[PDB]
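*Asks:* Dumping the structure here so I can ask a few things about it.
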Amino acid sequence: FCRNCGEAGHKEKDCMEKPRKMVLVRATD
Amino acid sequence: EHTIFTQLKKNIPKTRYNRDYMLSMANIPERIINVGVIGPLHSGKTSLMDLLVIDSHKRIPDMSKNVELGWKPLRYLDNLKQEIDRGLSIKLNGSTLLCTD
Amino acid sequence: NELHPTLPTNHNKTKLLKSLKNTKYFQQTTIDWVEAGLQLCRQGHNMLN
Amino acid sequence: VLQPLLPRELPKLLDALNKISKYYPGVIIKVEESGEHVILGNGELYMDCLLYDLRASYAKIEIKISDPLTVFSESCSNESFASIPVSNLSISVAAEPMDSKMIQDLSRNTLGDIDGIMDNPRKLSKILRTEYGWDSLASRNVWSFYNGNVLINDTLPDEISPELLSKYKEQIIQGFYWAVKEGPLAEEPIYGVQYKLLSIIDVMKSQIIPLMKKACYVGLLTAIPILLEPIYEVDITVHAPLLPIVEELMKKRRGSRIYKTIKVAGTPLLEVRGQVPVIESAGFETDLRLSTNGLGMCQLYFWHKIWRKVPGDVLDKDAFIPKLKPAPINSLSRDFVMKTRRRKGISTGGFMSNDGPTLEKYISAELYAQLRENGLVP
Amino acid sequence: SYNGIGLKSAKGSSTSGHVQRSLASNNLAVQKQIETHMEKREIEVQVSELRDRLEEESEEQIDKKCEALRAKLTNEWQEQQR
Amino acid sequence: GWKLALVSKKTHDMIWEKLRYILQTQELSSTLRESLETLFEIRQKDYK
Amino acid sequence: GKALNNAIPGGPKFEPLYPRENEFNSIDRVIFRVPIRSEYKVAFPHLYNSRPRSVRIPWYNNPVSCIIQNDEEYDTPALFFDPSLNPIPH
Amino acid sequence: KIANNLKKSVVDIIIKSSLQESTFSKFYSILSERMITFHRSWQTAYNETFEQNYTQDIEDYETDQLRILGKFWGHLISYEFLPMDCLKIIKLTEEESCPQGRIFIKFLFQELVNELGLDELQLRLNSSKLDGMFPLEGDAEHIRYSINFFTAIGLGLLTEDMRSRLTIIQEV
RNA sequence: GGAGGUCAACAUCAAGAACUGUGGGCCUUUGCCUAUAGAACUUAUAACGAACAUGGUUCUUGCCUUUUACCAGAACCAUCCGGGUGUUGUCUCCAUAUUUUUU
Ligand SMILES: Nc1nc2c(ncn2[C@@H]2O[C@H](COP(=O)(O)OP(=O)(O)OP(=O)(O)O)[C@@H](O)[C@H]2O)c(=O)[nH]1
Ligand SMILES: [Mg+2]
Ligand SMILES: [Zn+2]
């Protein structure tokens with residue numbers, strides 16, 4: 001899982017938090 | 001098209017150790033020693049030979065700024081269009097030079 | 001792009017602004033980028049009209 | 001197998017081929033009877049470098065090459081059922097498979113003595129009985145050790161005087177060499193067959209030299225001929241969690257087992273030793289590097305000289321060859337023989353003609369007829 | 001992968017050139033000769049054993065002893081054949 | 001081991017330190033060699 | 001790929017540059033075995049296809065990488081024996 | 001990639017569409033063969049659909065559609081995509097059979113005779129041993145009904161064994 | 001004198017793996033051989049530019065009412081946005097011992 005977020009969903013390149021030293025979505029109409 | 005090679009004799013590399021004294025030591029048969037540098041694929045034998053080549057000559061003309069700085073290895077004895085593009089020694093090459101223990 | 005290099009010309013090379021500078025007719029200042037964009041829009045409208 | 005695209009440019013090719021036979025010392029280049037030049041190299045990269053230098057440096061012409069294939073050999077099985085005299089003077093010879101230990105010792109040129117053998121026959125005769133366990137007679141009498149296989153004289157004394165034997169010994173040994181150089185099935189060399197001749201001026205020598213080859217062809221084709229293929233050995237370096245992928249790939253090669261698997265200490269690597277047949281290996285080095293994303297690398301070498309029986313039956317009219325799909329593993333031995341005979345122009349001139357290498361070409365109409373009556377040799 | 005199949009380019013073809021695999025397309029005297037040779041060979045193996053044992057540890061005596069062994073074994077095989 | 005890595009990573013780390021020292025510098029028995037090497041070779045996966 | 005007119009499975013597609021298109025490669029005489037799919041014709045381009053025009057030779061390999069990354073928790077040191085590595089027994 | 005439950009519905013739509021034209025065409029045979037040689041599930045769908053077409057849907061079809069079903073199922077049995085033993089379901093008695101069944105059996109045997117050729121067909125019908133086809137147990141009226149049916153098709157040469165058995169059971 | 005400039009001019013930048021200068025000899029200056037001093041920048045999975053556009057002519061195609069405008073491959077040539085390094089000028093800110101060595 002992502003190194004700095006701690007969530008299991010995405011990859012380390014995809015984490016939307018700022019890289020550290022150590023949600024509603026439009027329904028498809 | 002085929003090799004990279006030094007055709008002008010005046011553009012020879014300028015040999016720190018005075019090659020005439022090298023040729024004079026060929027009279028004694030125990031002074032000459034023939035060593036072949038064998039090993040596996042991509043282990044370092046051409047770059048090992050290239051260290052001795054660099055330390056034996058004064059000014060190599062084919063030496064660029066990158067191979068001086070140490071980014072790309074000068075593969076001096078690779079010498080062919082095959083061995084530059086394929087990145088792989090396909091023919092044996094050599095160098096005769098004097099060295100001190 | 002990599003198959004066909006187009007290999008720049010390294011001699012005489014008259015550049016534009018370096019020769020438009022040598023005239024007495026051009027002058028030089030520094031202004032904000034958005035002001036320069038608005039002035040270019042006014043000038044380019046006026047030329048074509 | 002190589003052939004130039006424009007035949008009027010054949011001399012400019014041929015000259016240039018000689019250049020390569022100087023510069024690359026591992027190649028073997030020969031010109032077949034059908035004009036097609038066959039060349040033999042160490043491996044896939046080696047043939048690539050050969051055809052670069054032939055195409056761009058030396059000949060500077062365009063050549064149609066075939067697709068990769070291999071050099072087969074051929075040998076025998078259990079025993080020859082019956083000695084058949086051959087007359088065209090009547091030389092007869094019988095065949096036998098060599099010892100499995102003796103072939104791997106003659107592959108590295110050692111007995112126990114060294115090449116050249118039989119300059120000292122007592123020293124040779126001690127070795128065969130001491131180690132390999134022959135009788136005293138054949139150990140006393142070996143006429144030759146040619147490159148893969150042995151010619152021994154058995155003999156019959158009171159059938160012919162040995163001065164008549166040793167008057168003609170050079171000619172019959174040249175006949176043995178000339179028969180081992182090209183064999184009966186597809187003019188491929190014969191590898192690993194113990195011959196024994198059971199019963200046999202200048203005109204007689206020139207009658208002997210082509211008759212010993214025909215006799216050896218009868219003697220081999222009686223003794224259950226089989227076809228032998230060469231097997232590369234493979235040295236693989238992969239990361240450890242990509243070990244099953246390698247194993248999966250070997251199942252797609254048909255004949256590629258994995259013997260040893262060594263964990264390289266202190267590195268995340270794993271070094272895999274296992275064999276592959278050489279005719280199966282036309283894209284092994286590409287598939288291994290693609291399917292492991294560059295975390296693998298193989299090297300395919302042939303310096304143990306191991307040769308394995310090609311699975312199937314050579315004398316089998318019935319097995320089908322599926323024409324642009326690969327063969328079943330039982331039809332495969334027939335398939336290789338027939339395609340090699342059609343490359344070498346042997347059978348003839350026909351779409352899927354079946355001139356199988358039967359024994360009837362050499363012997364007789366009636367004697368082959370009785371062999372078919374007994375049902376022994378189809 | 002363009003594995004020998006497919007258009008050279010979709011330029012003049014008025015198609016997309018999209019190519020796909022088809023799932024619907026997967027789909028005797030000579031026997032007596034060798035036995036005689038085997039018996040005579042075994043007899044000659046015996047006298048070559050005699051020559052090996054004699055010469056291992058008198059040329060004419062060993063040759064005449066081998067000839068007498070061939071004579072005795074040939075008469076013994078003429079008796080054992082009938 | 002995956003559970004011990006999940007919570008107490010420093011104690012787990014020192015466990016692997018001592019066990020690796022026991023494997024790679026010791027006069028040690030052969031069945032214990034193949035068992036400890038099996039532990040490492042599955043520690044590559046850590047209990048699938 | 002442009003010169004030989006082949007398509008590696010995820011890259012571009014050009015025009016042939018040689019668009020004009022005997023019994024040597026007949027069916028009866030060639031042994032069909034391990035198909036000569038297009039990656040082999042790209043990788044070793046003087047061996048697998050006849051008439052390679054305007055073809056250059058593409059850098060055989062680089063040895064095998066075993067760089068080990070260290071991105072977890074940062075409190076692991078720089079020099080540390082990774083769990084990927086095999087032991088060095090006695 | 002239709003799911004496993006709806007494969008019988010797909011086979012049913014293919015057969016119902018095959019009936020709608022004015023004649024049989026090899027399109028609906030080729031697509032069924034390329035279905036059967038893909039997976040075991042399509043073959044079990046066809047082995048179900050043959051029984052569902054003989055037991056249930058025979059009574060509704062006119063002779064124009066039964067002739068197409070005869071040529072279709074005969075052309076699948078003729079090239080061994082369906083086993084000969086799948087033909088064991090049909091019985092040929094006076095009580096079990098119907099007119100729309102017997103016309104179907106006539107056209108199926110017409111297709112099998114055209115393709116196999118009355119000598120390979122003899123070999124297959126001997127090797128498969130269908131009790132509804134060739135009743136050698138007894139029951140003189142039933143074997144008479146079978147002999148009369150196969151002579152009314154135009155077979156004859158199949159019937160020599162059953163005629164010999166019927167004579168030898170009339171003579172006792 | 002020292003640092004610096006979105007300042008200028010002038011040389012130079014793709015070639016037997018490739019540069020210039022000097023002395024001596026041979027030919028009769030060019031060139032060849034021999035001894036010597038220096039070579040900044042660019043270059044070997046080859047190039048100033050880890051970036052990447054357009055124009056001309058002749059072939060081969062594609063859209064097909066004709067020309068511009070076009071589709072996309074090849075060969076030969078040009079234009080444009082930029083870059084390095086060297087020399088000079090200019091401008092700004094500060095400053096004036098007990099066996100081979102010797103006991
Ligand atoms: N990482 C790493 N690479 C090295 C080292 N020494 C040499 N190499 C690399 O190894 C590669 C092979 O170098 P070479 O010496 O040219 O290969 P080789 O030993 O001649 O093997 P051949 O293919 O037969 O020439 C080169 O790309 C080098 O960069 C090293 O110390 N560390
Ligand atoms: Mg090398
Ligand atoms: Zn994250």
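Labels for the structure tokens follow display order: chains A, B, ..., residues from 1 in each chain, ligands from 1.
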List all protein, DNA and RNA residues that have any atom at most 6 Å from ligand 1, counting only C-alpha atoms (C1' of nucleotides) and all ligand atoms, and write the list as an MDAnalysis selection string.

*Replies:* chainID B and resid 41:47 88:89

*Asks:* Pull out every residue of chain A sitting within 8 Å of chain G, counting only C-alpha atoms, and send them as a short mmCIF file (atom, residue, chain, number, x, y, z; two decimals) with N, CA, C and O atoms, in the first residue's frame.

*Replies:*
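Generated output (part-v9.cif):
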```
data_model
loop_
_atom_site.label_atom_id
_atom_site.label_comp_id
_atom_site.auth_asym_id
_atom_site.auth_seq_id
_atom_site.Cartn_x
_atom_site.Cartn_y
_atom_site.Cartn_z
N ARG A 3 3.02 4.53 0.79
CA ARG A 3 4.00 4.69 1.86
C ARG A 3 3.61 5.80 2.82
O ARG A 3 3.87 5.70 4.03
N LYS A 21 8.88 12.85 4.56
CA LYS A 21 10.21 12.29 4.75
C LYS A 21 10.14 10.88 5.33
O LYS A 21 10.99 10.03 5.04
N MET A 22 9.12 10.60 6.13
CA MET A 22 8.98 9.29 6.75
C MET A 22 7.82 8.52 6.14
O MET A 22 8.01 7.46 5.54
#
```

*Asks:* Ligand 3: which residues are within 10 Å, counting only C-alpha atoms (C1' of nucleotides) and all ligand atoms, as number ranges by chain?

*Replies:* A: 1-19

*Asks:* With only C-alpha atoms (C1' of nucleotides) as the counted atoms, please give the residues lying no more than 9 Å from region 22-25 of chain E, apart from itself and same-chain residues fewer than 6 positions off, as a PyMOL selection string.

*Replies:* chain H and resi 31+34-35+37-38

*Asks:* Hey, can you check how far CA of residue 148 (chain H) sits from CA of residue 92 (chain H)?

*Replies:* 11.0 Å

*Asks:* What residues have any atom no more than 12 Å from ligand 2 when counting only C-alpha atoms (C1' of nucleotides) and all ligand atoms, and can you list them as a PyMOL selection string?

*Replies:* chain B and resi 36-50+73-80+82-84+86-94

*Asks:* Which neighbours of residue 134 (chain H) fall inside 12 Å, counting only C-alpha atoms (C1' of nucleotides), when residues of the same chain fewer than 2 positions from it are skipped, and could you give them as a PyMOL selection string?

*Replies:* chain H and resi 88+90-93+122+125-132+136-140+142-147+149-150+158-166

*Asks:* Excluding residue 69 (chain E) and its own-chain neighbours fewer than 6 positions away, which residues fall within 10 Å of it when counting only C-alpha atoms (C1' of nucleotides)? Please give them as a PyMOL selection string.

*Replies:* chain E and resi 43-44+46-48+50+63+75

*Asks:* What does the structure give for the distance between CA of residue 42 (chain C) and CA of residue 23 (chain C), in Å to one decimal?

*Replies:* 23.8 Å

*Asks:* DSSP on the backbone: what in region 10-79 of chain B comes out helix (DSSP H, G or I), as a PyMOL selection string?

*Replies:* chain B and resi 10-11+19-24+29-31+45-56+65-69

*Asks:* Counting only C-alpha atoms, what are the residues of chain G within 6 Å of chain E, and for each of them which pair of atoms is the nearest and at what distance in Å, to one decimal? Sort the table by chain and rising number, as a Markdown table.

*Replies:*
```
| residue | atom | partner | partner_atom | distance |
| --- | --- | --- | --- | --- |
| G:6 | CA | E:2 | CA | 5.8 |
| G:7 | CA | E:2 | CA | 5.1 |
| G:8 | CA | E:1 | CA | 5.3 |
| G:9 | CA | E:1 | CA | 4.4 |
| G:37 | CA | E:3 | CA | 5.3 |
| G:38 | CA | E:3 | CA | 5.4 |
```

*Asks:* Those residues with N, CA and C atoms, as a PDB file, in the first residue's frame please?

*Replies:*
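Written file, out25.pdb:
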```
ATOM      1  N   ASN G   6       6.883  -4.593 -39.085  1.00  0.00           N
ATOM      2  CA  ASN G   6       6.266  -5.438 -38.079  1.00  0.00           C
ATOM      3  C   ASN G   6       5.672  -4.544 -37.009  1.00  0.00           C
ATOM      4  N   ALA G   7       4.867  -5.122 -36.135  1.00  0.00           N
ATOM      5  CA  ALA G   7       4.281  -4.378 -35.037  1.00  0.00           C
ATOM      6  C   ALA G   7       4.443  -5.163 -33.749  1.00  0.00           C
ATOM      7  N   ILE G   8       5.374  -4.713 -32.918  1.00  0.00           N
ATOM      8  CA  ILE G   8       5.474  -5.096 -31.516  1.00  0.00           C
ATOM      9  C   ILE G   8       4.180  -4.663 -30.840  1.00  0.00           C
ATOM     10  N   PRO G   9       3.671  -5.419 -29.855  1.00  0.00           N
ATOM     11  CA  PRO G   9       2.228  -5.366 -29.547  1.00  0.00           C
ATOM     12  C   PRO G   9       1.712  -4.056 -28.971  1.00  0.00           C
ATOM     13  N   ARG G  37       7.335 -15.695 -34.339  1.00  0.00           N
ATOM     14  CA  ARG G  37       6.554 -14.517 -33.994  1.00  0.00           C
ATOM     15  C   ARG G  37       7.414 -13.253 -33.892  1.00  0.00           C
ATOM     16  N   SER G  38       6.734 -12.106 -33.996  1.00  0.00           N
ATOM     17  CA  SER G  38       7.347 -10.871 -34.475  1.00  0.00           C
ATOM     18  C   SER G  38       8.395 -10.300 -33.532  1.00  0.00           C
TER      19      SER G  38
END
```

*Asks:* Would you list the contacts of residue 329 (chain D) as a PyMOL selection string, taking every protein, DNA or RNA residue within 7 Å and counting only C-alpha atoms (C1' of nucleotides), but skipping same-chain residues closer than 2 positions in sequence?

*Replies:* chain D and resi 311-312+327+331-332

*Asks:* Need to verify the contact set: region 58-73 of chain I, 8 Å, only C-alpha atoms (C1' of nucleotides), exclusion of same-chain residues closer than 5 positions in sequence. Can you return it as a PyMOL selection string?

*Replies:* (chain E and resi 11-12) or (chain G and resi 15-17)

*Asks:* Filtering to C-alpha atoms, could you give me those residues as a PDB file, in the first residue's frame?

*Replies:*
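Ended up saving to result-v6.pdb:
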```pdb
ATOM      1  CA  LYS E  11      -4.371   3.849 -45.057  1.00  0.00           C
ATOM      2  CA  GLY E  12      -5.949   2.721 -48.295  1.00  0.00           C
TER       3      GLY E  12
ATOM      4  CA  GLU G  15       4.244   2.504 -43.755  1.00  0.00           C
ATOM      5  CA  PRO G  16       6.496  -0.236 -45.234  1.00  0.00           C
ATOM      6  CA  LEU G  17       9.210   1.895 -46.992  1.00  0.00           C
TER       7      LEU G  17
END
```

*Asks:* From the set D:185, D:208, D:377, D:250, which residue has the shortest atom-to-atom contact distance to residue 355 (chain D), counting only C-alpha atoms?

*Replies:*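 So, comparing all the options, the nearest one is D:185.
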
*Asks:* Dump as CSV the rows for residues of chain G within 10 Å of chain I: closest atom pair and distance in Å with one decimal, only C-alpha atoms (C1' of nucleotides) counted, ordered by chain and rising residue number.

*Replies:*
```
residue,atom,partner,partner_atom,distance
G:14,CA,I:73,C1',8.1
G:15,CA,I:73,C1',5.8
G:16,CA,I:73,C1',7.4
G:17,CA,I:73,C1',5.8
G:18,CA,I:73,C1',9.1
G:19,CA,I:60,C1',8.5
G:20,CA,I:60,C1',9.6
G:57,CA,I:45,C1',9.2
G:58,CA,I:45,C1',7.2
G:59,CA,I:45,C1',6.2
G:60,CA,I:45,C1',9.9
```

*Asks:* Set the cut-off to 10 Å and count only C-alpha atoms: what are the residues of chain D that reach chain B? Output as a list in words.

*Replies:* residues 23, 24, 45, 46, 49, 52, 53, 56, 57 and 299 of chain D
